[PDB]
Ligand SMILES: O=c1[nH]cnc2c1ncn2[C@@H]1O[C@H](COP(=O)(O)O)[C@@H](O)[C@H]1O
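The chain below stands alone and is given in structure tokens; this is the form solved without inosinic acid.
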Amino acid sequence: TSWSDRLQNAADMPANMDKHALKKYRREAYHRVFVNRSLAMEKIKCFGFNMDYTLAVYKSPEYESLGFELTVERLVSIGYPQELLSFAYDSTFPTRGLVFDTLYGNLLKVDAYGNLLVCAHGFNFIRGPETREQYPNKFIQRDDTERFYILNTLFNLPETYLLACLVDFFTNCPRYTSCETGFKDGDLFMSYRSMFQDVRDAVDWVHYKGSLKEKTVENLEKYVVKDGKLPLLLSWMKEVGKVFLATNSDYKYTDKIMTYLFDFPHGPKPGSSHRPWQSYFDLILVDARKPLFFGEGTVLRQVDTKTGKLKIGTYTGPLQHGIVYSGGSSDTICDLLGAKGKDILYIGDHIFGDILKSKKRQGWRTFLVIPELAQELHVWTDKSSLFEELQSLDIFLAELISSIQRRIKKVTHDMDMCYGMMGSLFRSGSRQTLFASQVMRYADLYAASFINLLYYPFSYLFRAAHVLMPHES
């Protein structure tokens, strides 16, 4: 049971319009919207969306496995060994938000301060004392972006596992010699950095020149969650405000995906005429190039929606019915919708490119979709006994000799393994991950899906407790 099984299960249910039914459906943790900073929904005047993994939630593990298979086949195509074709995607290994150390070829799970929580070389999990040889302070410099790459997105899940697969394969294949910073093959030396770049280039290629999009759109039921409540919720948003789309994807792909998402024999509610997906948006913008979008952006272009090509030249005209934009900047949206930043609730899945950047650069209000939360919540509530025991051990030790520390490490591991080999997205034991810290800092609201907004009235006041400093308590 993957997180997308949970979402597609909730998606299959009819949308009860009764006001008591929505407020009661809101009880389950799975249907809740979580609040890091208070937000008065009545002040929101524009609802903004990205598409991928927000409106178009790709089914797991089928879509990761497709991306993994095409990336492997691209690497074999450029000259990697045929043994790569015997890899098979394993959804139990990767957790999102890991850091690949391109110097030593390690996947690292770190906290907000660069402290090491988990270190794996290939499929070998390196224990505390052994990591100190490569990480003397059990710490990485996050600003060393040439060395460390943060695997922020769900699109990065196939390459997260692929990187570990490759390190494992070259380590144990007799043809190659293992060195500290790569692998030697006779007169050829492949550094982990160059291998990582090949992987990155191949993932990009699969998405932009390969067949991933084509294979997705030829079997949309297999790869994309479809929910009749999505048109309903978007129609409610457009009744109280303006609605816009700003996606990094191109128009031809967006049109195919969005058409599928809205292909029901009715409009927002059963019995209503079907409307085209574009009619749900006051402003549609593709090729957004986020996060650069939230700074200078790019030249504003207009899409010829008949051919799917860009019209030649910079678009200098006004917002018109049926126009589709390409490129531009976040200021394009604000000017054309007559919005200020805090009037906008932007719903995205990219913690860095959508949420952090719109918050810091423009002061937009933010809603982070976290697809895996649909299943991490289930693990969290089911295995809560282990966390409560861990909390007790931390408290008992905080007042105590060392037989407790071995029990702390033991329960930490058992808790983490319920999530997978790389543990929870949000923590390792009692230590929070970098990802959790960035969710708390930059996502005003968050949920497994933005559809959970259906269960709250549009006057709702999302409330978070005020923060106090230690000396103020």
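Residue indices: 1-based, along the sequence shown.
Omitted from view is the form solved in complex with inosinic acid, to which the following refers.
For the candidate spot formed by 62, 89 and 163, no residue has a non-hydrogen atom within 4.5 angstroms of inosinic acid in the deposited bound form. The closest heavy atom approach of residue 52 to inosinic acid in the deposited bound form falls within 4.5 Å.
In the deposited bound form, none of the heavy atoms of residue 134 sits within 4.5 Å of a heavy atom of inosinic acid.
The closest non-hydrogen atom of residue 83 lies beyond 4.5 Å of inosinic acid in the deposited bound form. For residue 349, a non-hydrogen atom is located within 4.5 Å of inosinic acid in the deposited bound form, even though that partner is not displayed. Judged by heavy atoms within 4.5 Å of inosinic acid in the deposited bound form, the contact stretch among the candidates 307-315, 376-384, 270-278, 205-213 is 205-213. With the partner omitted here, the residue from 183, 155, 223, 294 that has a non-hydrogen atom within 4.5 angstroms of inosinic acid in the deposited bound form is 155. With the partner removed from view, the residue among 95, 247, 329, 102 that has a non-hydrogen atom within 4.5 Å of inosinic acid in the deposited bound form turns out to be 247.
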